Number of protein chains: 4
Amino acid sequence: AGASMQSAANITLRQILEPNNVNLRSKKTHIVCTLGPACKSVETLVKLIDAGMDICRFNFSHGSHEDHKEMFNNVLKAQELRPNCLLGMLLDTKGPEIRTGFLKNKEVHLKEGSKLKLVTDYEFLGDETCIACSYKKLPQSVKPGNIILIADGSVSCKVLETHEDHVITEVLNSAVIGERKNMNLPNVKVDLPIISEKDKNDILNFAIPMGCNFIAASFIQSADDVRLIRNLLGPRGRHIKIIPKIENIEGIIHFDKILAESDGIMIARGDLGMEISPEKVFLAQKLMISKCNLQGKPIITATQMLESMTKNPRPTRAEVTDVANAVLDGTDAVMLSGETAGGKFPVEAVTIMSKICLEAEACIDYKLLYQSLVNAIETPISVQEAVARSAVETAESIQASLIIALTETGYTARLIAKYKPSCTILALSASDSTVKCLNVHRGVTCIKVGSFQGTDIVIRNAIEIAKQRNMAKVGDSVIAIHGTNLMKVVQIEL
Amino acid sequence: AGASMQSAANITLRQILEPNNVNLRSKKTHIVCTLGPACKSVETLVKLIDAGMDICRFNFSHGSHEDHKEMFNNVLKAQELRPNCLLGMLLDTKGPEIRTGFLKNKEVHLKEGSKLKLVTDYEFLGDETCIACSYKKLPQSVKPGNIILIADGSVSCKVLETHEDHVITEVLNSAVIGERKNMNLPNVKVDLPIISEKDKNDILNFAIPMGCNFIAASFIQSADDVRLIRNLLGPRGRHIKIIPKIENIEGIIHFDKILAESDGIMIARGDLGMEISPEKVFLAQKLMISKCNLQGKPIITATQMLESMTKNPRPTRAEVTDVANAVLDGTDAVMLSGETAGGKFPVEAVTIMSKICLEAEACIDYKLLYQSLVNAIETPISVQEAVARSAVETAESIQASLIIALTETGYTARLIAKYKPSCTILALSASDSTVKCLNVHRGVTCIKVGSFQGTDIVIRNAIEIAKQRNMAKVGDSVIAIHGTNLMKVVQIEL
Amino acid sequence: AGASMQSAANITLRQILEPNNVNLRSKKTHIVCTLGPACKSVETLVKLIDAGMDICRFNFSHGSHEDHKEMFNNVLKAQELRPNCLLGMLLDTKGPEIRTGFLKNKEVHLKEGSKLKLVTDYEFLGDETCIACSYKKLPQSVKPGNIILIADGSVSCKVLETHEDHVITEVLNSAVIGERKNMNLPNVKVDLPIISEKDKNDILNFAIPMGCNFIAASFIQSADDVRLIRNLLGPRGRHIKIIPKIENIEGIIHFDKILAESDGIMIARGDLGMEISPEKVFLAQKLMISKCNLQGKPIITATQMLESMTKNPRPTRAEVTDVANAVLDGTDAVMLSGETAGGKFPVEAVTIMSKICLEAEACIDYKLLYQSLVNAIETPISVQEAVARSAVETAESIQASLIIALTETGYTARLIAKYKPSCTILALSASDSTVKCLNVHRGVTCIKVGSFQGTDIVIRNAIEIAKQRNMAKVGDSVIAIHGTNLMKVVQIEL
Amino acid sequence: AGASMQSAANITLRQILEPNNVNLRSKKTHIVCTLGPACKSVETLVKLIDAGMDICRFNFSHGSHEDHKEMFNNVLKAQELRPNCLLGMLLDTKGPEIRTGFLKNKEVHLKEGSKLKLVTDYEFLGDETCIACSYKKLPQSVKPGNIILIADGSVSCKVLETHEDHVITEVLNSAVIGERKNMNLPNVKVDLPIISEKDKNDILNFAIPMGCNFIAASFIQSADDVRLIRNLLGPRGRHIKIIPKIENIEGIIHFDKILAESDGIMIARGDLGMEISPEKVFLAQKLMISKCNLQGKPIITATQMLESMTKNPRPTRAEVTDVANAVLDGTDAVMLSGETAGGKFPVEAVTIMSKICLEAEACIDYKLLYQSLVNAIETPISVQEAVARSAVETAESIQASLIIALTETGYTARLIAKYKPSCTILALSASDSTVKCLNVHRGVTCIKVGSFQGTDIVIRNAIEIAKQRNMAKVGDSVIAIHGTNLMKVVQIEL
Ligand SMILES: [K+]
Ligand SMILES: [K+]
Ligand SMILES: [K+]
Ligand SMILES: [K+]
Ligand SMILES: [Mg+2]
Ligand SMILES: [Mg+2]
Ligand SMILES: [Mg+2]
Ligand SMILES: [Mg+2]
């Protein structure tokens, strides 16, 4: 049904024993950092940039437009102090949610085997036998036998009866829960608007005006959800990328069609764990990464890969291996949530995440990775894809230090990134939109250039900038690709 | 320097969405469970067997010979209630340790930048400026610039001075520590006996008399350490397998020679994390698994892969992915420590571990895995290896349900397991030692048979036992291999 | 439409410079020799056996049943002098023929551009403007524009008119021809019985009574032709193999269906050259060899590969290369016609043919050849094919000197030969039919054994015979395969 | 010792049944035609050009400088009538020869077993017991046991005695020979000057003045022979290519070093057959073709591949297959000698040779051929080779109709030809030397362009010329490569 994947690594004793001492921003994997009070200051945001931050996430499930505007402006000023780092701006929509009601004593201890009524009258003050639910269509969506999760899966309930204004369930495990806790409906499609009037306001009155580059759309369940957001963005938001968040079984079932309409994918594994069995989540991650890789669509592994670091100064061993294997799987980007938003060690979390990515990236056998991609991609490829293929190929053969890609819309750099070169892709664009959207692709670093300039002049300017940024040196070869379509090798001299 | 590895997986939508409902003991990956008070009862040990326990670990860092004998006898009685499950018995040696001394007020808050003396006089009651160390040769082993870790890496110290009876260090980070905390000497060889007089007693007076099958030797640093334990076991312990625990940089540096002398490997990743950078541990794991796979030597990934479950009823997402990726890496076995020894959810930990292994095992593309092994193994292979190769190959081609291997010493089943068949290997042996040592190899299940029986009679008896245990059914093909060397295909009828 | 093929060779300087001095009968490629007056004596037939003759062809286009019976009995007596050489007996049917009529002056010089009438009245004495044709249905089979070839293609004629009892053609090239010359109808199906009453007599009253092993059926044009001969053979000729001769475009068009009904194929390239363009014949040869190889059906490249040697003591360079490339293509057998039937150097022709085959056989990269076969054969294979696969594989891995195959019907040896082992296949059979039919398969040498003997006793007897015949020596490994299905490796000792 | 080779073909029913009707000059394989009285007229030479002639061979073993000058000027006038065909001019040196002396009665019948004296006094009139030999160093080069061939191998002689001025041999086979017949010394190095004073005159006073492009040096035995001819050519002949003719065992033994100094290779198989066993010649051909292919050095298969056509209007079947397999082996060019020099069907011979090449070329699986080359070429490749690789690769991926290569010296077109693209290579050069030397490379067609022209202007002019010559059409893609190094794809419009 899904797809197959082939990883290839070369691990030396030297890489295990000798410390890595390269610049953290030289990594190919990009880091999405969630903004919050822990990194509210321009001082902390600059430290996050130096640590490896590439995309700032604005979580619009919390905070007002004011709260995100003082954060946005502080990021732009951190941006001014770090001009060689063009950060992508990502808005994460609140999206549809399901929550329990209020309780008379603010606490209930649901006991296993007992029966619990879930009513649609949200004004009802609940008790251990009956609790309100904010999702009015709940009785029409669940059937007898369906499982209902409450409070981050703290308690499961097997649906016994469905009625017009309530359902009756059996508490499957004993646990104590509180007020207004979240709910999940595994294997059931939630019939709530993908974009609420509040979500509509954040998109049209924040994302578009403030110039956000990505909309991470929470709880995408169909291609129609994506097309709705595309139409809502309209010509005003033509350049804003839509990144569906796969969070439930519906998104998995319709993933292929969702991906075809998308500009990229975010795997919300924590939320996914509340909809599928814990032992199945790694199956969904690796399948989604593989499908995105073969389409050339970027993918973010999310949302809290160093979760313990938001209290601890060092991650757990499992969190470290999880980051490394996500890179080896082929993820374009990795994400931090509470670690940077409200935690005690935000800079420490981004720092170690960058170091893990660099170690995993040095593992990859790029020739084997390249052939795995070529062997699995559909045979008829366009001229543009063939030339991008030849750039990656030629770069590996001559050990070029850089692939320089001239691109207005980003399409050329995306085609190159699809084939995963071992060297950095330096994309040059006159579009301020393009230079901030390519951040989501692995291995792409952008430079803004002026318009109406000849190709030869732009390339020589990029070579000089690359020399200053230590991205290339005298004696190196670099690839230039632009256009009809053209691939060029130039050696750096003088 | 090291080696390369190639994983291959096929992930369908059905495997993500449809629940797995096979017997937990049908998995190929085997589980090492650490015994302790949480599973002291025969009632709990039987539940662990049903959950997926294959090897019981006796941690001899704690408890006396009495403490392990009441546990051993309780395991033998759980064994009697589960006759179709032949558990391996593993003794984990205490091995060399390094600990700080005692303190006047039982607590010190070492401050960053301050200086700390480490003395070899263990009777000295320490303070924040001077603390004893149990390793007398410490000043002769560390040099200026070496890093000294204390209390599970809670504080690092840079060595400033070395003298005959003490060293002087600079506290690199502020932290509060207590009495008798462990110490680690990254990148330095610890000159302590691999086997103490206490370790010698546990081997010769417990492991050999009680019939332990494996010695997990803590802190192996050289092939000479392995040969010492081999000579100490002598003819009395000829059938006991030596499993070195790789725990520091010395074990990594000399891993190839250590492996050549070993019967298998245990990756002690938690202890390894106190000797190498956290971002390097996954490099060592994947390299060691790959080297063991290509030698046909079994490897245990260890020691606490579901660490949070020893307090929580469900593991973290990172712990689940860590187990799954260790299986995909090619580990023969996975290990639980505190989760089963003293935790609250021992049976729950083994249960989910088995489920994760089954999901990862269903991912593997076994044909691609087979060719990866054949392409990387040295070309001149013996007759015995070629016939074992042909059994795995033939089984995959005809979709055989079982490979039946007749083996006195286990060598034939080990050769087959080296090539990772997609079907179970049913090893038949008259040796009670052999049927309990093959547990450490992935995919091998053993049956004890009587001696002095013809090959045809033993095979037909195994087929009948396999039918009863639901390992094979009418219409299936099974492979039989024995011997000169013979490969046979038989169909199950009637 | 057709198929693809992949040859692989390893050519050393030593093989070019150092002479080959192995026994000519050790070659894998088998030689079909056409019997005639040049090899009528038992003395010459024994020399042909020593030179490399494996199959004797009785051309029934010429000679009576007496003429072939004195030859047959002389072959049986040569057989008695060479007991370690079991020759196959092949009857080549006369089959349908088309010939011109008689001429008034026995010679006509047809001039280009002139017009020539071909009448169906065979009694008409012809001239340069009108000549009879033995094929009465000629006007119903050719259309205007069709080409008619006369006297081994000495003159072509473009059909201008068709009428009930004649056709009118334009002579396309000037040439002089004689009486009763053969004719060919390129791209037209000849509507003549595949088996005449004379052909029926040779099959039922010679081939079946004398015990012929193969019927090479001239001018097979459809699967129905093969089934007709199969029904004509009936239970009396159940064990006689049908080898269709592909001689025209109809046989090429319907080759797949003809092959499915056949026991093998003979490429009659000389006759094929009179039906297709000369530059297309090598296309048909390589395609037919490749299709037969992938079906496991034997193929003979024919009919006169050393044609010049029937006058010259040494072949031309092109004839030598043609034999070598046919072997590299993958032909099971090669054929001599006039070189042995009536030529001056019959023994010299078979001798050099054997030497060429040995040189080409030493070129082949057998591992690459094996994988080419495995990669192109349909994935679901039976148990019997998988075990035969494993025998070839195991033999190559351990460098076994022999694959010993116990087979009643020959099926087991055919399955092994399909995978082209680098070592000889020694087939043991109690069937005198089987031991003389397997001659057509490359690399198979047969030994007749007594019935009602245990498998172990037969194998040990074959090993002892192989040692005497220098086919194997002390220290070698050999493979034995029989059966349910069994693969066994035994080492030769003592 | 030597090398390995992998051919890959795809043969359809359509290619066997449907006639090919493309232009004979569109073939990739190039034809060397030997000039002589049969093609002395400008009228015949133009017919040879239309039939597929690409290189004219001037055999300087016969004829004077006058005889070759009237032929040369007639070729230049045929060249003027066919401006879109730039013929290469090849001089074949007489080189060292060995001939018997004169005879009293002009005929001797040497009898097997008899003894024959070979004297160095060339004035001696010979008889059946003693015959002169033109090679004075003969007794110093042969030893007892060496074989001496006389009159195209009509009789062999085993050396019995060597003395200062004669040798004594035993006639090994009975045969009648005449006066001044050639001689061959298998497995012995002939100590004669590679370039005689007569050969020196043909090079310096014909080849260089008349502008010959290739020197086919007869009987090259060492790299020193090649360097001698290179020094003799000097700066005046810097642009003349040296093509050693491999004719004996010395040339085979030292082939690698000879090839490294050469610009190409000619396999003189007929002369080679007089030095090695007939069954070994195809081994030498395939090994030499494979080594030349992997070096990117062109190779001519020679000298008389349609030998029978010099009397017959149609070649033998073996001659047709020999041409086809030489193309499939990977030969750059094929050669005719007597067929065009003095035969009755010169135009008919070139015509069918072109048709065979086109059929074999349509067989080739070019992707598999490309990967076979990439997998076997040494891993570190230059920038220039990588870009040429990418041009061939890109052309195959997008099905480009042409690779346009701008090249001054021909090096760029040679690098492309090394990787065997399925489409024609159109090389553009201002050098009249370069446009006539690239003829020897498979698939390269040259166009002379003016100097001091921009790259973009030259490319557009080539596209327009390609459209007129029907080499490309509207809608096609073509590759352009020049330079630093540049690969460009352009689509043909309007
Ligand atoms: K959100
Ligand atoms: K321990
Ligand atoms: K016949
Ligand atoms: K010559
Ligand atoms: Mg959510
Ligand atoms: Mg430890
Ligand atoms: Mg015929
Ligand atoms: Mg010569």
# chains A, B, ... in the order shown; residues from 1 in each chain; ligands from 1
>>> interface_residues(of="chain B", to="chain C", cutoff="12 Å", atoms="only C-alpha atoms", output="JSON list (two decimals) with C-alpha atoms, in the first residue's frame")
[["chain", "number", "residue", "atom", "x", "y", "z"],
["B", 371, "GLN", "CA", 21.46, -9.66, -0.46],
["B", 374, "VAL", "CA", 25.71, -11.76, 0.88],
["B", 378, "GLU", "CA", 33.95, -12.23, 2.47],
["B", 379, "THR", "CA", 33.76, -14.26, -0.72],
["B", 380, "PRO", "CA", 35.36, -17.62, 0.28],
["B", 381, "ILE", "CA", 32.70, -19.32, 2.41],
["B", 382, "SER", "CA", 32.75, -22.85, 3.78],
["B", 383, "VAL", "CA", 30.47, -25.70, 2.76],
["B", 384, "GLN", "CA", 28.56, -25.32, 6.03],
["B", 385, "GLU", "CA", 27.92, -21.62, 5.42],
["B", 386, "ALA", "CA", 26.87, -22.22, 1.80],
["B", 387, "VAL", "CA", 24.28, -24.82, 2.83],
["B", 388, "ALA", "CA", 22.96, -22.54, 5.58],
["B", 389, "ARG", "CA", 22.80, -19.78, 2.96],
["B", 390, "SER", "CA", 20.82, -22.06, 0.66],
["B", 391, "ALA", "CA", 18.34, -22.88, 3.45],
["B", 392, "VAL", "CA", 17.56, -19.20, 4.08],
["B", 393, "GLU", "CA", 17.40, -18.60, 0.31],
["B", 394, "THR", "CA", 15.21, -21.57, -0.45],
["B", 395, "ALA", "CA", 12.90, -20.70, 2.44],
["B", 396, "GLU", "CA", 12.36, -17.18, 1.08],
["B", 397, "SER", "CA", 11.80, -18.40, -2.48],
["B", 398, "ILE", "CA", 9.11, -20.96, -1.58],
["B", 399, "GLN", "CA", 7.78, -18.97, 1.42],
["B", 400, "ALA", "CA", 8.60, -21.78, 3.84],
["B", 476, "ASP", "CA", 3.26, -25.33, 4.31],
["B", 477, "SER", "CA", 6.77, -26.14, 3.19],
["B", 478, "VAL", "CA", 9.53, -26.34, 5.78],
["B", 479, "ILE", "CA", 13.30, -26.57, 5.35],
["B", 480, "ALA", "CA", 15.37, -29.15, 7.21],
["B", 481, "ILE", "CA", 19.15, -28.79, 7.44],
["B", 482, "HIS", "CA", 21.60, -31.10, 9.21],
["B", 483, "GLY", "CA", 25.02, -32.71, 8.87],
["B", 484, "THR", "CA", 27.80, -34.36, 5.57],
["B", 485, "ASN", "CA", 25.78, -31.21, 4.93],
["B", 486, "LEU", "CA", 22.19, -31.58, 3.76],
["B", 487, "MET", "CA", 19.32, -29.25, 2.85],
["B", 488, "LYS", "CA", 15.86, -30.79, 2.53],
["B", 489, "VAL", "CA", 12.40, -29.41, 1.72],
["B", 490, "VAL", "CA", 9.37, -31.26, 3.07],
["B", 491, "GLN", "CA", 5.68, -30.40, 2.72],
["B", 492, "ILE", "CA", 3.29, -30.83, 5.64]]
>>> residues_near_ligand(ligand="ligand 5", cutoff="12 Å", atoms="only C-alpha atoms and all ligand atoms", output="PyMOL selection string")
chain A and resi 59-61+92-99+152+182-185+190+194+216-221+244-248+266-275+302-303
>>> residues_around(residues="residue D:361", least_positions_apart="2", cutoff="12 Å", atoms="only C-alpha atoms", output="ChimeraX atom specification")
/C:279,283 /D:7-11,15,20,26-30,323-332,354-359,363-366,369,420-424,442-443
>>> residues_around(residues="stretch 337-342 of chain A", least_positions_apart="4", cutoff="8 Å", atoms="only C-alpha atoms", output="list in words")
residues 33, 34, 35, 36, 37, 38, 39, 303, 304, 306, 307, 308, 309, 310, 346, 347, 349 and 350 of chain A
>>> write_last_selection(atoms="N, CA and C atoms", output="PDB file, in the first residue's frame")
ATOM      1  N   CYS A  33      11.897  26.120  15.490  1.00  0.00           N
ATOM      2  CA  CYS A  33      11.878  26.471  16.904  1.00  0.00           C
ATOM      3  C   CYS A  33      10.573  27.180  17.237  1.00  0.00           C
ATOM      4  N   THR A  34       9.896  26.711  18.283  1.00  0.00           N
ATOM      5  CA  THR A  34       8.650  27.326  18.717  1.00  0.00           C
ATOM      6  C   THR A  34       8.949  28.505  19.633  1.00  0.00           C
ATOM      7  N   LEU A  35       8.416  29.671  19.285  1.00  0.00           N
ATOM      8  CA  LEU A  35       8.665  30.876  20.060  1.00  0.00           C
ATOM      9  C   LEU A  35       7.732  30.954  21.263  1.00  0.00           C
ATOM     10  N   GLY A  36       8.230  31.573  22.331  1.00  0.00           N
ATOM     11  CA  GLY A  36       7.486  31.709  23.559  1.00  0.00           C
ATOM     12  C   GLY A  36       8.210  32.586  24.561  1.00  0.00           C
ATOM     13  N   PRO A  37       7.727  32.604  25.806  1.00  0.00           N
ATOM     14  CA  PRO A  37       8.370  33.450  26.827  1.00  0.00           C
ATOM     15  C   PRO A  37       9.831  33.112  27.081  1.00  0.00           C
ATOM     16  N   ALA A  38      10.241  31.853  26.899  1.00  0.00           N
ATOM     17  CA  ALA A  38      11.629  31.486  27.173  1.00  0.00           C
ATOM     18  C   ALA A  38      12.598  32.144  26.199  1.00  0.00           C
ATOM     19  N   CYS A  39      12.154  32.436  24.981  1.00  0.00           N
ATOM     20  CA  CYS A  39      12.980  33.078  23.967  1.00  0.00           C
ATOM     21  C   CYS A  39      12.350  34.385  23.504  1.00  0.00           C
ATOM     22  N   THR A 303       6.594  17.070  17.299  1.00  0.00           N
ATOM     23  CA  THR A 303       6.729  18.507  17.567  1.00  0.00           C
ATOM     24  C   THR A 303       7.720  18.828  18.682  1.00  0.00           C
ATOM     25  N   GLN A 304       8.162  17.799  19.411  1.00  0.00           N
ATOM     26  CA  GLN A 304       8.894  17.998  20.659  1.00  0.00           C
ATOM     27  C   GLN A 304       9.929  16.879  20.802  1.00  0.00           C
ATOM     28  N   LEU A 306      13.027  16.860  21.754  1.00  0.00           N
ATOM     29  CA  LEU A 306      13.923  16.850  22.905  1.00  0.00           C
ATOM     30  C   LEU A 306      13.133  17.214  24.156  1.00  0.00           C
ATOM     31  N   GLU A 307      11.972  16.572  24.317  1.00  0.00           N
ATOM     32  CA  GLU A 307      10.951  17.035  25.254  1.00  0.00           C
ATOM     33  C   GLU A 307      11.491  17.174  26.673  1.00  0.00           C
ATOM     34  N   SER A 308      12.353  16.249  27.101  1.00  0.00           N
ATOM     35  CA  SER A 308      12.872  16.302  28.464  1.00  0.00           C
ATOM     36  C   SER A 308      13.763  17.514  28.705  1.00  0.00           C
ATOM     37  N   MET A 309      14.357  18.081  27.652  1.00  0.00           N
ATOM     38  CA  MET A 309      15.273  19.203  27.822  1.00  0.00           C
ATOM     39  C   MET A 309      14.574  20.463  28.306  1.00  0.00           C
ATOM     40  N   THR A 310      13.249  20.529  28.193  1.00  0.00           N
ATOM     41  CA  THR A 310      12.529  21.684  28.704  1.00  0.00           C
ATOM     42  C   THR A 310      12.495  21.717  30.231  1.00  0.00           C
ATOM     43  N   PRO A 346      16.546  26.551  26.378  1.00  0.00           N
ATOM     44  CA  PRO A 346      16.198  26.678  24.956  1.00  0.00           C
ATOM     45  C   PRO A 346      17.421  26.642  24.051  1.00  0.00           C
ATOM     46  N   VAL A 347      18.449  27.423  24.392  1.00  0.00           N
ATOM     47  CA  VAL A 347      19.664  27.446  23.583  1.00  0.00           C
ATOM     48  C   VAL A 347      20.377  26.102  23.655  1.00  0.00           C
ATOM     49  N   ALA A 349      18.987  23.249  23.958  1.00  0.00           N
ATOM     50  CA  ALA A 349      18.240  22.261  23.185  1.00  0.00           C
ATOM     51  C   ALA A 349      18.548  22.377  21.698  1.00  0.00           C
ATOM     52  N   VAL A 350      18.567  23.604  21.174  1.00  0.00           N
ATOM     53  CA  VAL A 350      18.879  23.802  19.763  1.00  0.00           C
ATOM     54  C   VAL A 350      20.324  23.412  19.477  1.00  0.00           C
TER      55      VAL A 350
END
>>> residues_around(residues="residue C:125", least_positions_apart="3", cutoff="12 Å", atoms="only C-alpha atoms", output="ChimeraX atom specification")
/C:100-108,118-122,128-133,179-180
>>> closest_residue(among="C:85, C:450, C:455, C:91", to="residue C:62", atoms="only C-alpha atoms")
C:91
>>> atom_distance(atom1="atom CA of residue D:72", atom2="atom CA of residue D:196")
22.6 Å
>>> atom_distance(atom1="atom CA of residue B:81", atom2="atom CA of residue B:413")
26.4 Å
>>> atom_distance(atom1="atom CA of residue D:259", atom2="atom CA of residue D:86")
26.0 Å
>>> select_by_dssp(residues="stretch 168-234 of chain A", states="strand (DSSP E or B)", output="list in words")
residues 168, 169, 170, 171, 175, 176, 177, 182, 183, 184, 214, 215, 216 and 217 of chain A
>>> write_last_selection(atoms="N, CA, C and O atoms", output="PDB file, in the first residue's frame")
ATOM      1  N   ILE A 168     -23.024   7.147  25.620  1.00  0.00           N
ATOM      2  CA  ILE A 168     -22.763   6.433  26.863  1.00  0.00           C
ATOM      3  C   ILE A 168     -21.593   5.489  26.628  1.00  0.00           C
ATOM      4  O   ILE A 168     -21.587   4.728  25.653  1.00  0.00           O
ATOM      5  N   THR A 169     -20.601   5.550  27.511  1.00  0.00           N
ATOM      6  CA  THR A 169     -19.361   4.812  27.344  1.00  0.00           C
ATOM      7  C   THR A 169     -19.062   4.000  28.595  1.00  0.00           C
ATOM      8  O   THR A 169     -19.637   4.226  29.662  1.00  0.00           O
ATOM      9  N   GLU A 170     -18.146   3.047  28.446  1.00  0.00           N
ATOM     10  CA  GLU A 170     -17.595   2.286  29.560  1.00  0.00           C
ATOM     11  C   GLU A 170     -16.153   2.723  29.777  1.00  0.00           C
ATOM     12  O   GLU A 170     -15.339   2.669  28.847  1.00  0.00           O
ATOM     13  N   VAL A 171     -15.841   3.159  30.996  1.00  0.00           N
ATOM     14  CA  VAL A 171     -14.474   3.541  31.333  1.00  0.00           C
ATOM     15  C   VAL A 171     -13.594   2.298  31.293  1.00  0.00           C
ATOM     16  O   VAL A 171     -13.818   1.335  32.035  1.00  0.00           O
ATOM     17  N   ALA A 175      -8.519   6.282  36.204  1.00  0.00           N
ATOM     18  CA  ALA A 175      -7.650   7.452  36.180  1.00  0.00           C
ATOM     19  C   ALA A 175      -8.450   8.666  36.624  1.00  0.00           C
ATOM     20  O   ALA A 175      -9.678   8.693  36.500  1.00  0.00           O
ATOM     21  N   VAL A 176      -7.742   9.664  37.146  1.00  0.00           N
ATOM     22  CA  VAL A 176      -8.340  10.917  37.595  1.00  0.00           C
ATOM     23  C   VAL A 176      -8.008  11.998  36.575  1.00  0.00           C
ATOM     24  O   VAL A 176      -6.855  12.120  36.142  1.00  0.00           O
ATOM     25  N   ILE A 177      -9.019  12.777  36.185  1.00  0.00           N
ATOM     26  CA  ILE A 177      -8.870  13.824  35.184  1.00  0.00           C
ATOM     27  C   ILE A 177      -9.480  15.114  35.722  1.00  0.00           C
ATOM     28  O   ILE A 177     -10.167  15.127  36.743  1.00  0.00           O
ATOM     29  N   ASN A 182      -8.402  17.850  26.769  1.00  0.00           N
ATOM     30  CA  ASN A 182      -8.558  17.533  25.358  1.00  0.00           C
ATOM     31  C   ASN A 182      -9.124  16.127  25.178  1.00  0.00           C
ATOM     32  O   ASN A 182      -9.073  15.283  26.078  1.00  0.00           O
ATOM     33  N   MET A 183      -9.669  15.880  23.989  1.00  0.00           N
ATOM     34  CA  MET A 183     -10.252  14.590  23.658  1.00  0.00           C
ATOM     35  C   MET A 183      -9.810  14.181  22.263  1.00  0.00           C
ATOM     36  O   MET A 183      -9.534  15.026  21.407  1.00  0.00           O
ATOM     37  N   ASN A 184      -9.754  12.871  22.039  1.00  0.00           N
ATOM     38  CA  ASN A 184      -9.364  12.325  20.750  1.00  0.00           C
ATOM     39  C   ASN A 184     -10.309  11.191  20.385  1.00  0.00           C
ATOM     40  O   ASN A 184     -10.767  10.440  21.250  1.00  0.00           O
ATOM     41  N   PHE A 214       4.986  30.161   6.032  1.00  0.00           N
ATOM     42  CA  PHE A 214       4.379  28.842   6.100  1.00  0.00           C
ATOM     43  C   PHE A 214       3.154  28.888   6.998  1.00  0.00           C
ATOM     44  O   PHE A 214       3.165  29.547   8.041  1.00  0.00           O
ATOM     45  N   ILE A 215       2.108  28.178   6.595  1.00  0.00           N
ATOM     46  CA  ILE A 215       0.977  27.888   7.464  1.00  0.00           C
ATOM     47  C   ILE A 215       1.011  26.399   7.770  1.00  0.00           C
ATOM     48  O   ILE A 215       0.718  25.566   6.902  1.00  0.00           O
ATOM     49  N   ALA A 216       1.396  26.059   8.996  1.00  0.00           N
ATOM     50  CA  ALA A 216       1.244  24.696   9.490  1.00  0.00           C
ATOM     51  C   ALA A 216      -0.203  24.525   9.933  1.00  0.00           C
ATOM     52  O   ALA A 216      -0.600  25.029  10.987  1.00  0.00           O
ATOM     53  N   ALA A 217      -0.997  23.834   9.119  1.00  0.00           N
ATOM     54  CA  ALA A 217      -2.432  23.706   9.352  1.00  0.00           C
ATOM     55  C   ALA A 217      -2.693  22.500  10.248  1.00  0.00           C
ATOM     56  O   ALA A 217      -2.537  21.351   9.819  1.00  0.00           O
TER      57      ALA A 217
END
>>> closest_residue(among="C:403, C:89, C:159, C:153", to="residue C:116", atoms="only C-alpha atoms")
C:159
>>> residues_around(residues="residue D:32", least_positions_apart="3", cutoff="6 Å", atoms="only C-alpha atoms", output="PyMOL selection string")
chain D and resi 55-56+335
